[PDB]
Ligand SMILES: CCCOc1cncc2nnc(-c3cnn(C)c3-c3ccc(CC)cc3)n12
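Only one chain comes next, encoded as structure tokens, the form solved without this ligand.
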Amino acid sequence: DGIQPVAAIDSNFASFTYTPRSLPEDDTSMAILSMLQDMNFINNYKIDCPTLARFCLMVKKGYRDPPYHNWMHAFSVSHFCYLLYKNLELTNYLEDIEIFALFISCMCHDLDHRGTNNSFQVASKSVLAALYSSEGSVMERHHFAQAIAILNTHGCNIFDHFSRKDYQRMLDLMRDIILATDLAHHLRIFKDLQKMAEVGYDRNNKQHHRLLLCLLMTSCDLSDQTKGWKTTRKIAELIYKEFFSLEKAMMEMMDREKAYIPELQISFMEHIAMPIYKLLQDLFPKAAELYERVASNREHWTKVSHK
């Protein structure tokens, strides 16, 4: 094969309107390579292509498949990462190595998702946000360690040619970015994010770099919310299907429990999702489209919510 150009996957691959979940699963590894190519990482870092193929195949293979926290989730978060690169022009904000770390983090950040819901930090703001949230910041996870175990598998070391210093910096970035997916982490840095958007992003501030990378990471994880109505509806279904994945009903109870979805999804939008994409828009005028679209989904949910 060799790598496909992004524009050959779909004329709209690079548009916020595009739904990556509609790519057949078998074409997703190739589409990862297409995106790294169009982002100029393969060329600039002179990455061996067979190696990058094996790496990508290896992380895909390492995902469990619950209804929601699965490869397609990872794939679609990665794809949003690419959309932020293309549409917000992140190279004017972050360094190449940070963008690269962000992308690989998207690919890797749910490898050790367990679904053990053991915390009240997110739940206090939104009961459904707690089910969408990745884990690792309150209970220890090994999304990161698993990513490296892959990296150190013969024939998979895509950062082989980096300097020792960039190699540590790459690993530190992944470890920190993967941790930041956990919404408990986001809540804990929220005031800092707010301060950053108030004062204005400062390319020379290393703190601003760290904060932006977390914000972007969480913006990719919840990016299902920035798609069509059908997408939040389908994703809400999946989260449910996951959490009920095993206990004697007192069919019936299942339906009472899905009658709660609208209000939970609205509370999730109002208290967690929308603030995040408000922040992006405050920092990036070109992200207005995204907040508007989440806003519009909150409207449909409200509208539906009188089942």
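So that the term is clear: the rigid core is the largest set of C-alpha atoms that superpose within 1.5 Å between two forms. Numbers follow the displayed sequence, beginning with 1.
We do not show the form solved in complex with this ligand, though everything after this point is about it.
This form has no room for this ligand: after superposition of the C-alphas round the site, using its pose in the deposited bound form, 3 or more of its atoms sit within 2.4 Å of a backbone or C-beta atom.
Between 83-91, 196-204, 158-166, 216-224, the stretch whose residues reach within 4.5 angstroms of this ligand in the deposited bound form through a non-hydrogen atom is 216-224.
Put simply, of 104, 111, 173, 183 only one has a heavy atom within 4.5 Å of this ligand in the deposited bound form, and it is 183.
For the options 35, 59, 280, 272, the one in contact with this ligand in the deposited bound form, meaning a heavy atom within 4.5 Å, is 272. Within 4.5 Å of this ligand in the deposited bound form, a heavy atom is found for every one of 243, 265 and 276. In the deposited bound form, this ligand sits beyond 4.5 Å of every heavy atom of residue 55. Put simply, residue 253 is close to this ligand in the deposited bound form: some heavy atom of it is within 4.5 Å.
Proximity of residue 47 to this ligand in the deposited bound form falls outside the 4.5 Å heavy atom cutoff. Within this chain, residue 39 is remote from the site of this ligand in the deposited bound form, having no heavy atom within 4.5 Å. Once the two forms are fitted on their rigid core, between the shown form and the other one the CA displacement reaches 2 Å or more only for 129 among 77, 177, 129, 212. The two forms, fitted on the rigid core, differ between the shown form and the other one by 2 Å or more at the CA of residue 140. Residue displacement note: residue 203 has its CA displaced by under 2 Å between the shown form and the other one (rigid core superposed). For residue 114, the Cα coordinates differ by 2 angstroms or more between the shown form and the other one after the core has been superposed.
Distance between the C-alpha atoms of residue 122 and residue 270: longer by at least 3 Å in the deposited bound form than in the displayed form.
Figure legend: C-alpha atoms of residue 179 and residue 140, shown here, are separated by at least 3 angstroms less in the deposited bound form.
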